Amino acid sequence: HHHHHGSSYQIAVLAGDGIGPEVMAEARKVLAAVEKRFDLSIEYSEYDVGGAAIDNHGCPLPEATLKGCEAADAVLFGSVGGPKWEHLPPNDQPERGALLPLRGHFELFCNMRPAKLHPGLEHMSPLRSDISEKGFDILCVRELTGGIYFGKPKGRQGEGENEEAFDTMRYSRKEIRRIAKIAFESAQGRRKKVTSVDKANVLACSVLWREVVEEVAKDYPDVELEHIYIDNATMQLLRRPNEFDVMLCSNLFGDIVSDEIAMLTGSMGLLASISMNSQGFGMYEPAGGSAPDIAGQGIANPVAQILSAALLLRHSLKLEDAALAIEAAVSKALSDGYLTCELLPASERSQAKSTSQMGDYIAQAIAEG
């Protein structure tokens, strides 16, 4: 879809399952405030995805939803999955079923998961206090359309005790180069360090990864490159998270490293995910899941979904001041002690703010300019 100057921007809204819809409502409330403020013309089109789409259409990614994403500038996505549908066959489940085909179809090779310890919440981290007091801010860049996720041969053959399954990890120089360039450009604008995570002592793919990373590293002389094996990286993120800036990982290794870093913040309800292609189209979603055990109770933390909209404004729509406004309003809520239940002790449950109290505060803070 190409945007024309003065036309409305088009956002496909795919709220999904569980807490998706209730936090999406708060992202739409904060977006309405931003639209009025910075003067925007945005149109929204809602589509089912995930378990909601299994329930309404019989599959997790209906053709009408694919077509609706194709017509938009950007997708604001909630979360999918839940026990209702985990009995289902594999290709048929909400997450495998919606997320892998979305990524493949739109060539969303670039995943970026920003995580940091926010001022005054260092204590909720599961790290020892002398480590969490040091802070960290780590951007994970993960290659999303290659490696072992999409490689073939992939399947199962044979019989008796010798029946075997197989998966193939594959990477080309073109695929490694595009993802490495995003990690180095990111690092150039942050603290100028890329840690590339591989298993180059075992995997041919990682020997090639490390070679092509070294090639691209030549074009970014201001940025320090280091390499680390995936097993050692899980250890070093525990011991010295303040020493990393941008992580650059393959598809499986980035799946792992981004989750470990997310849990090290102790505040996953704050975390957002960007999945983009080379034309600037992307989907923007909370890193955490559909949390079906609390769906509908108004207790979910909507900051991850709100931040997802800020990153959509910045990355796809290039509406930079609109994005920073959201981010400032979120930070003002968190420092003015507007916290949801999972960011307070169990004894302070009655000071917790609801999903809608949080969105109200953040939307009001946007209007205050």
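Note that residue numbering follows the sequence shown and begins at 1.
In this entry, 61 to 69 shows the higher mean Cα temperature factor of the pair 61 to 69 and 303 to 311. When 323 to 331 is weighed against 44 to 52, 323 to 331 comes out higher, by mean CA B-factor as recorded in the entry.
Out of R128, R177, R210, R96, the entry records its largest CA B-factor for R96.
Across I11, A346, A15, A25, the entry's maximum B-factor at the CA atom is seen for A346. Compared with the other modelled residues of the chain, the Cα B-factor recorded for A233 ranks in the lowest third. Split the chain's modelled residues into thirds by C-alpha temperature factor. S250 is in the lowest one.
Among the modelled residues of its chain, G288 has a C-alpha B-factor that falls in the highest third according to the deposited record. Looking at the C-alpha B-factors along this chain, the one for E122 belongs to the highest third. In the deposited entry, the Cα temperature factor of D259 places it in the lowest third of its chain's modelled residues.
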